[PDB]
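Enquirer: Chains as they are written, first to last, in the entry's author numbering: chain B, 715 to 1041; chain A, 1 to 393, 708 to 1140; chain C, 20 to 267.
Dumping the structure here so I can ask a few things about it.
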Amino acid sequence: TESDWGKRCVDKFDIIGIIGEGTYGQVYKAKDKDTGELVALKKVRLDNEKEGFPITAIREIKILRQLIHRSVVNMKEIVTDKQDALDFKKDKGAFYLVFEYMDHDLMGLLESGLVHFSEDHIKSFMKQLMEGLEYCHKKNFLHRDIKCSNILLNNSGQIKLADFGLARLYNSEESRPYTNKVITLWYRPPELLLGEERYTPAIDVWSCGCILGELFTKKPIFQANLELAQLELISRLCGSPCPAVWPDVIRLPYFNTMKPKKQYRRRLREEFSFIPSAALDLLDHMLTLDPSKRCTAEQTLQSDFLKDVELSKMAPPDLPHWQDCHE
Amino acid sequence: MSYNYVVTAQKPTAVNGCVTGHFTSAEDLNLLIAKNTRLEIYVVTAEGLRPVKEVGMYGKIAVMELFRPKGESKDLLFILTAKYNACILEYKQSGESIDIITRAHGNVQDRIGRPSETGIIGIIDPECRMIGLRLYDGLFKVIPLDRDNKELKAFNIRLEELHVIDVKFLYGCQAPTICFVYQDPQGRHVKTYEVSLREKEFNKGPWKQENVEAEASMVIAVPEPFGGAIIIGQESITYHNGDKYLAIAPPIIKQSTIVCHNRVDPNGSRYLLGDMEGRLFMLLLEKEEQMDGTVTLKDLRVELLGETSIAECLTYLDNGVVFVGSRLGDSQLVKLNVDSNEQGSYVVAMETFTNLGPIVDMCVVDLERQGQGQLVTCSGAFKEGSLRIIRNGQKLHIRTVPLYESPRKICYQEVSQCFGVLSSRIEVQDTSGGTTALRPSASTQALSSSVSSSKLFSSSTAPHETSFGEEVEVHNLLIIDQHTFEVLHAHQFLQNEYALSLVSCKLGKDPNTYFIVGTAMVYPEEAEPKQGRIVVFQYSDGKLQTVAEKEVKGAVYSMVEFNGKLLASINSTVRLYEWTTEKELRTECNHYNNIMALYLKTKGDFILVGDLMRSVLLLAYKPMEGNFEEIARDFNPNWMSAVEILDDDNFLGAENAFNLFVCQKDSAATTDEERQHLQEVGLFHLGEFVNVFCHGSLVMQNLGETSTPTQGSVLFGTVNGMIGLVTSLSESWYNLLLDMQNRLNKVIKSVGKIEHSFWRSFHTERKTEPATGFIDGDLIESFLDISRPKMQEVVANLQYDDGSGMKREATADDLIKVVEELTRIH
Amino acid sequence: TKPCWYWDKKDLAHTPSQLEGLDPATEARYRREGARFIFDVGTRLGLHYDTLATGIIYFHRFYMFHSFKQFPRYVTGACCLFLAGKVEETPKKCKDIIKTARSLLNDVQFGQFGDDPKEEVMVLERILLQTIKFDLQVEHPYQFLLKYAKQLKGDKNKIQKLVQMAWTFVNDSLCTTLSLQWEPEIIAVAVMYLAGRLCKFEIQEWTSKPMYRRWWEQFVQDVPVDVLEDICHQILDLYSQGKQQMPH
Ligand SMILES: CC1=CN[C@@H](NC(=O)[C@H]2CSCN2C(=O)c2ccc(C)o2)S1
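Quick look at the structure:
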């Protein structure tokens, strides 16, 4: 049957190329021979067998087994390499997770500095983003890192959230260490920087707020390589963490250890004065330092910006598939 | 892990901007011409221009204006770079010695802001009280010109109008105010706001707003006697001064967009306008004087003066001579005569300044058998299009072949002693239903000519209604003799067919040498072409013959000869064709992991594919199997302009952000993932868009001259005309020359006090990274021009590795020896 | 898109174990020992109760697809717990589970792990995942016993006695095939139903519908008393067979 995963072989999926690289495998673009649909294969190698099937892979398997929302990427099935039936003790074959293929990642499109996102485009984008995140948070599944590379969007306009586990970026040979982590920092919430705390839904919402601003500038709002220099950039914009705004900032371990250079006043509305009022009010609420004070996902969906956005009106984004010759 | 070396062989040749002011000599009017990273200062003479000085700047010159504050004897110079480096400069001439002074400097980049659509704009108050900058949507930055602002500190004023088109400081207003054309959903309007330095905000301007043409493009600041502002659009020119309103809509300017304006008269009665088709117009201001003696602008009149090169900027030398600076053509000094000549033109060309224009494509070919190498480049656009031949026999000899149409590509076919050149000309829908060319050009002046009769796409059954006055591109193939550069033949391609790729080669067991062209059916409705033709031509006995045609489902962006087979890229697919004994193309194998496969290069069985958004892919043709296989892909998202293979392991790529980068293999590292990863070992902001990468050099080597530490030769061309060269180094020589750069930067004084390390840092709008794996050869070659005291200061405490002696030191004379040898590679 | 994890009592007469000559009593015994082995092992390691149950559910389901004669039960149990730890985010290193398993098993029992215990377990995780069809999500009666108890209002002490007594029955159900027979929502009602009878409580009084004598129908729709009576009977047969008696 279709519900019985783990028995079909990868021999049913023609491989087109390696779209991404992962810590425990590679990500290949492929076509199912029978269906004709384009899929994405995520390789999980348990051949080291140090501590078994990766827990990160298990997280993506558990969460996305039961999540089918339009705004989240869906796992179709899990296939295996050719396996000898004599014994599975002998077999060390890898397992591949089938996903719906996505055309572009938000990071790629903005890296051009050529694509233009109008207000309506951002509305369509953010509403899908938040609708998916609500569905996940309601199911008590939280995406601990929401990045720009994690946001996958096809040419039509649909937005999907991906990389709950088994991220699709790999660092090899000599390069900046943990480059993927450097990107993750740009969207990390202040609470996590200040302390380990517990994983809260707010950690998702802050990252999505960072994205919101990035869509109005085409540049990440906060870019830094060290946790202290990131906290300072946040403070220059959102204001330094203090009890006056954060009644529980003291409880965090590094509130006194990590300190912004000065105590800054909040300038978010001034440095973003070029953003529409309906949106700016959303940014201000999504970038509140305190997790409890930070707005929830449902509340974002009931914002002026996103409440009255028409889901039917997809309004595709304008992506340049011509004039790449230029001039 | 890889080490390369980049030098300029020809500096930028394209006029980005031009302003005239009393800079060098407070007495004498000085013309300042700007090219990318390069500033040239001249002095007006009754015969032409006398060059005073040429300086190099770290940064793309974005703003250039000459202003004199109260208390200064001579006009000062303000410049802002594309990376937001600002500075104020002053000429100092201690007799023979010339020195450009950095009076103030700073970086005005904002941590948060949206880059504006119409680009950076810089204007200065007539009272020279402040500098106005429009860097981001919805923000207006102000640098107050106070004596104490040596760091150029600035503040932002919130601007309600987000989408601004152009803004100029008005003349004669009591309080400094800005007149800006802006675009909101209701059209475009002209609005003015007063700027307060004390309050640091906007106050209400004289006229709140007025509804202007939808394509209002330029704002003219009319001088104090007239007052107000002039707005230039596509069909209409208007004058706004409060209650006063003038509208002039001659039917001559509707034919071509006007892109440049200049103040012929200090009083402002005369203004200069230039359109895309090169025509030069004079804006005439008619003055009616009120009875109390005040002056009202009675009418606006536009007169056709003649034809110039497509003018990016225009400036007046006050001798009846206008300097026409062009980025698409050769710049010129023209003379405006009061009396027209026998053809009706008031314009006569004086001098012609060579512009290598946009180098769309170039090929290296030893035409004169010298066993040296000559470079023929596709240069220019529209009527300024041309073919340029360059040789290194100190100056580079450039011969210009006028085409009068845009040249897309070039490839040399020795068997036919001729070049193949793709070109496109502009025709306009005429009353006959067909089209008419605005001027004769190469594809119409051919000795023999042919028009494609292919019926592959005849049954379109698709709607493409023609409106009179619309432009279309007619793409042609041009056969051109290598000695006389005479246009021997022209093949007009099908209607709406664009020629994108060209190759000359034999295929399979076929002894005939063919011209092969890849095309695309371009319809305005399509986001990405979905039809295309691969056409095989044979030039024989003064005639081009169609040997075969292969239909494809997309655009054939790039082709290349691949071991007797034809490798082509159709949209996302990369395909390998075989040439059958029946003289037809047959598909062998395909590869589809691409978004858009714009560029293709090969070496042996290896192929470098340059995807539009996913950088470069190393592919290989596995012969045993007859399939393509992916060796390694760079997973960085850098956009691609052109690509080149350096060696079996190193690959060069040019970003659309003007950043060169090099990717190497992991040399069969144990992990399969590492093998499939292309590490970006080299990063380097070049500052120029590279359309074409080519191998070879123009240096004459009688016979295996060698004697150069540098290994390899890669020549590239840019939009602003630069012809650079990339080559590889050994580890030892890289470290030596890198260590020398760090020493040179401490010693050499930069214009505007711009850090060299910052200037060459890899800069995308999002991520900025230190440059690695590249030696700024232009910095190294400057060691020969610094004074002896600085030479010895550089070589002090020198250290050597892997040398003749593993640890050694070199003197000021020892380094001079190396640099002079490094100057001989170009 | 998700598989059916529930069989009929009558179907248990046709597990691979039964068909290889194993009698019903023996499989039932093997099930108890495996479940308690998982329960005891994880308890020594300090694991959340959900992680214990999840491992036990993997265990019970596993032997609906395989025979006890060809897969030693304690190895399977250890593997189930090992995977359960990673699923429920309470991970443990395989070597630590082996360490604990050795402390609690005698020399004969630990023989099932063979010469390399860790290897025999890690190798089985490949099969376990394919057997459970990669449906790693398992709800348990615990969350429903609390979600439903929260809606009860009345004597704090009588309701708390009901909960703990029911909770004890949930733990006791993990040793029997009920987990493969009836969904967890029904089990949490069944245990409430059982504790109510033993404590002489009339639960309806604590509901928002105090005169709705079938109080559970507002928690779980379409459940006949027939089911609750069977679920309860099986839970209490364990106590009768064992020397242990009802908690009360
Ligand atoms: C899970 C997933 C489902 N779809 C996915 N989408 C992708 O992998 C997209 C967006 S990130 C790059 N990418 C590509 O298609 C790609 C890589 C390389 C080349 C040529 O294209 S990952």
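C-beta: ideal position from N, C-alpha, C; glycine also.
1. Residues of chain B with a CB under 9 Å from the CB of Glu52/C: which are they?
2. Buried or exposed: where does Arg882/B fall if 16 or more other Cβ atoms within 10 Å of its Cβ makes it buried?
3. Less than 8 Å between the CB atoms is what I'm expecting for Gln727/A and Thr827/A, so what's the real figure, rounded?
4. Return helix, strand or coil for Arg1102/A, following the three-state DSSP convention.
5. Between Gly106/A and the rest of its own chain, which residues show a CB-CB distance below 6 Å, the 5 nearest in sequence each way excluded?
6. Taking C-alpha atoms, which residue in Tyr837/A, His189/A and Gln1113/A lies nearest to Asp1053/A?
7. Report the rounded CA-to-CA distance for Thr798/A versus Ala751/A, giving the unit in angstroms.
8. Quick one: what does DSSP say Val222/A is sitting in, helix, strand or coil?
9. What alpha helix (DSSP H) runs, 4 residues minimum, are completely inside the segment 1037-1101 of chain A?
10. Have a look at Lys287/A and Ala216/A and give me their C-alpha separation to the nearest angstrom.
11. Shorter than 8 Å from the beta carbon of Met873/A to some beta carbon of chain B?
12. So within the segment 94-137 of chain A, which uninterrupted beta strand (DSSP E) runs reach at least 3 residues, ignoring any that extend past its ends?
13. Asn1056/A: buried (16+ other C-beta within 10 angstroms of its C-beta) or exposed?
14. Is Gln993/A close to chain B, meaning its C-beta is less than 8 Å from at least one C-beta of that chain?
15. Is there at least one Cβ from chain B nearer than 8 Å to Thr1078/A's Cβ?
16. Let me know if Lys1021/B comes out buried or exposed under the rule of 16 or more other beta-carbons within 10 Å of its beta-carbon.
17. Which residues of the segment 124-152 of chain C have a Cβ closer than 7 Å to any Cβ of chain B? Give them in chain order.
18. With a threshold of 16 other CB atoms inside 10 Å of the CB of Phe782/A, please say whether the residue is buried or exposed.
19. For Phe986/B and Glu108/C, I'd like the C-alpha separation in whole angstroms.
20. With respect to the alpha helix (DSSP H) encompassing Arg847/A, which residues constitute its N-terminal and C-terminal limits?
21. Run through DSSP, which three-state label would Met844/B get?
22. Given a cut-off of 8 Å on the beta-carbon distance, is the pair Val210/C and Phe238/C in contact?
23. Does the CB of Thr931/B have a neighbour CB from chain A at under 8 Å?
24. For chain A, is any of its Cβ atoms less than 8 Å away from the one on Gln740/B?
25. Express the C-alpha separation of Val190/A and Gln209/A in angstroms, rounding to a whole number.
26. Out of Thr195/C, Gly53/C and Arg232/C, which has the shortest C-alpha to C-alpha gap to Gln128/C?
27. In terms of alpha-carbon separation, which member of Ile101/A, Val164/A, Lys70/A and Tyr171/A lies closest to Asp146/A?
28. For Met362/A, count neighbouring C-beta atoms within 10 Å of its own C-beta (all shown protein chains included) and say buried if the count is 16 or more, exposed if not.
29. Assuming contact is defined by CB atoms lying nearer than 8 Å, are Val108/A and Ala34/A in contact in what I supplied?
30. For chain C, check one thing: does any of its Cβ atoms lie closer than 8 Å to the Cβ of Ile769/B?
31. When we look at the beta-carbon of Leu899/A and count the other beta-carbons within 10 Å, is it buried (16 or more) or exposed?
32. Could you give the DSSP three-state label for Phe84/C: helix, strand or coil?
33. Return the Cβ separation of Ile1139/A and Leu1039/A in integer angstroms, given the expectation that the two are a contact with Cβ distance under 8 Å.
34. Short check: CB of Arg928/A to CB of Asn904/A, under 8 Å?
35. Between which two residues does the alpha helix (DSSP H) containing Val919/B stretch?
36. Could you say if the segment 741-761 of chain B and the segment 808-819 of chain B meet the contact criterion of at least three C-beta pairs nearer than 8 Å?
Expert: To lay it out plainly:
1. Within chain B, no residue comes near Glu52/C; the closest Cβ sits about 24 Å away, beyond 9 Å.
2. buried
3. Taking 8 Å as the upper bound for CB-CB distance, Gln727/A and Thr827/A are in contact here, some 6 Å apart.
4. helix
5. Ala86, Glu151 and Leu152
6. Nearest in C-alpha terms to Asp1053/A, of all of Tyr837/A, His189/A and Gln1113/A, is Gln1113/A.
7. One C-alpha to the other measures close to 26 Å.
8. It is coil, neither helix nor strand.
9. 1045-1061, 1070-1073 and 1091-1094
10. Using only the alpha carbons, I get a separation of about 24 Å.
11. no
12. 97-107, 121-124 and 130-134
13. exposed
14. yes
15. Interface residue (Cβ-Cβ distance to chain B less than 8 Å): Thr1078/A is classified as such.
16. exposed
17. Hits within the stretch, in order: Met141, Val142, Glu144, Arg145, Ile146, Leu148, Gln149 and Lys152.
18. exposed
19. 40 Å
20. Counting along the chain, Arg847/A falls outside any alpha helix (DSSP H), though it belongs to the beta strand (DSSP E) covering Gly846 to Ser854.
21. For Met844/B, the secondary structure class from DSSP, reduced to helix, strand or coil, is helix.
22. no
23. yes
24. yes
25. Cα to Cα, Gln209/A sits roughly 5 Å from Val190/A.
26. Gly53/C
27. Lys70/A
28. buried
29. no
30. yes
31. So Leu899/A ends up on the buried side.
32. Judged by DSSP in its simplified three-state form, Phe84/C adopts coil rather than helix or strand.
33. 7 Å
34. no
35. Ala916 to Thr931 is the span of the alpha helix (DSSP H), which, as asked, contains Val919/B.
36. yes
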